[PDB]
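Peer 1: Can you read through this structure? Questions will come right after.
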Amino acid sequence: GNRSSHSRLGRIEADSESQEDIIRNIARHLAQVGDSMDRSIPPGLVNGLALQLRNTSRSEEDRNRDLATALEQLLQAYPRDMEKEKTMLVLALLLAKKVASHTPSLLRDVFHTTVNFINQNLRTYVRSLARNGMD
């Protein structure tokens with residue numbers, strides 16, 4: 001082992017700022033040592049054969065996982081509007097609610113103010129969510 005090489009610098013009073021930055025730096029280091037983990041534990045060239053083996057025998061697979069992927073991908077991305085579902089139930093209740101009784105006054109005005117009081121602070125999260133995309 002004549003490579004020696006000096007890399008045992010380690011951490012030094014300087015990366016204290018931004019603890020998150022420390023992790024990023026540490027990750028990069030591990031990546032370097034992590035890369036050699038793909039050519040130090042196995043006999044060697046084992047991957048080449050594995051990758052090449054699939055290419056040569058590339059006459060199966062995918063055929064059975066074809067539709068399966070669609071179900072997974074489709075299922076994975078199935079947020080749906082949900083508005084039509086919630087709205088339909090809520091809308092129905094409102095119709096029945098009006099029939100059963102008519103939102104009495106006084107309580108509405110008082111309730112509205114009460115909501116404004118609670119709305120504080122919460123509006124920050126709710127407001128951010130509204131008039132905005134996913135992020």
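Ligands are numbered from 1 in the order shown, residues from 1 within each chain, and chains are lettered A, B, ... in the order they appear in the structure tokens.
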For the alpha helix (DSSP H) assignment from backbone DSSP, which residues of chain A qualify? Please present them as JSON, numbers by chain.

Peer 2: {"A": [19, 20, 21, 22, 23, 24, 25, 26, 27, 28, 29, 30, 31, 32, 33, 34, 35, 46, 47, 48, 49, 50, 51, 52, 53, 54, 55, 56, 65, 66, 67, 68, 69, 70, 71, 72, 73, 74, 75, 76, 83, 84, 85, 86, 87, 88, 89, 90, 91, 92, 93, 94, 95, 96, 97, 98, 99, 100, 107, 108, 109, 110, 111, 112, 113, 114, 115, 116, 117, 118, 119, 120, 121, 122, 123, 124, 125, 126, 127, 128, 129]}

Peer 1: Suppose you want the space between atom CA of residue 80 of chain A and atom CA of residue 134 of chain A; what is it in Å?

Peer 2: 14.3 Å

Peer 1: Give me, as a list in words, all polymer residues having an atom no more than 12 Å from residue 9 of chain A, counting only C-alpha atoms and skipping those fewer than 4 positions away in the same chain.

Peer 2: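 Near neighbours after the sequence-gap exclusion: residues 5, 13 and 29 of chain A.
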
Peer 1: One decimal, Å: what's the distance from atom CA of residue 120 of chain A over to atom CA of residue 106 of chain A, could you say?

Peer 2: 22.3 Å

Peer 1: Interatomic distance between atom CA of residue 6 of chain A and atom CA of residue 45 of chain A?

Peer 2: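 Computed distance, atom CA of residue 6 of chain A to atom CA of residue 45 of chain A, equals 28.5 Å.
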